[PDB]
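Next up: just one chain, as structure tokens, the form deposited in one PDB entry.
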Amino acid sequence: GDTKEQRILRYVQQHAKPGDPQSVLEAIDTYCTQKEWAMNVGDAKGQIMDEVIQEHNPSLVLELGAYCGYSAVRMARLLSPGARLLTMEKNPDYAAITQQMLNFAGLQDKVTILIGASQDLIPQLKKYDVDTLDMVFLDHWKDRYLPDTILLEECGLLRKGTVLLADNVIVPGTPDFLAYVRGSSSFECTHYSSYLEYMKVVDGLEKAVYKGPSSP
């Protein structure tokens, strides 16, 4: 009852309005900023996440990685009735907090949480009525961004125009993922750096839009 992700969930449950995704996001944000665990996530990554979803209105989003559920709530709240989010996370405790966060926001019908390693679950997406993905959000585990991207290509899950958006890409981290997508002719790349009011990046995100072959 005392991991950071449990403490975030507890704060939301005590302070946020049940069934109101905006209230849930604001409570997570407020708490994490006060604890100095993450400064103003809504401004530093939430607004960029929103824009990327709203510029393409995806029918199917894959989230790789989850911690407390902020990102799943942020994306799931924007999805229209025919659209949905699949979230993969290996850590069963993070997956559980993420599920309870979505429940508190009233968004559980929009999301399917798959507990397992991405290298095991990505090749099984065939078995979930999944041909290709419209958008992929890479969250949290940056050493896995390049392997995950390669595996998505090998499984034929990326089509022309599929948007990959990777959080927590701040130089000089993720040197391999960035060198790959920026050097590859199969991607068009945009980098977002959120400074808030500071001189150093608070969060950085890489948008890599696939333009390569759909079949591996």
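Rigid core here is just the name for the largest C-alpha set that superposes within 1.5 Å across the two forms. Residue indices: 1-based, along the sequence shown.
Form deposited with a small molecule bound: not shown, discussed below.
- Stretch-level contact check against the small molecule in the deposited complex with heavy atoms at 4.5 Å: of 182-190, 37-45, 153-161, 53-61, the positive one is 37-45.
- Mapping the unseen interface onto this chain, residue 31 falls outside it, with no heavy atom inside 4.5 Å of the small molecule in the deposited complex.
- Of the heavy atoms in residue 140, some are within 4.5 Å of the small molecule in the deposited complex.
- Within 4.5 Å of any heavy atom of the small molecule in the deposited complex lies no heavy atom of residue 77.
- Shown alone here, residue 88 lies within 4.5 Å of the small molecule in the deposited complex, counting heavy atoms only.
- Distance criterion of 4.5 Å from any heavy atom to the small molecule in the deposited complex singles out 119 from the list 103, 112, 124, 119.
- Aligning the rigid core between the shown form and the other one and inspecting 165, 61, 41, 152, the C-alpha positions shift by 2 Å or more at one residue, which is 41.
- The Cα shift for residue 21 between the shown form and the other one, taken after rigid core superposition, is smaller than 2 angstroms.
- Once both forms are fitted on their rigid core, the CA atom of residue 12 lies less than 2 Å apart between the shown form and the other one.
- By 3 Å or more, the C-alpha separation between residue 137 and residue 41 shrinks in the deposited complex relative to the form shown here.
- Between residue 203 and residue 20, the Cα distance is greater in the deposited complex than in this structure, by no less than 3 angstroms.
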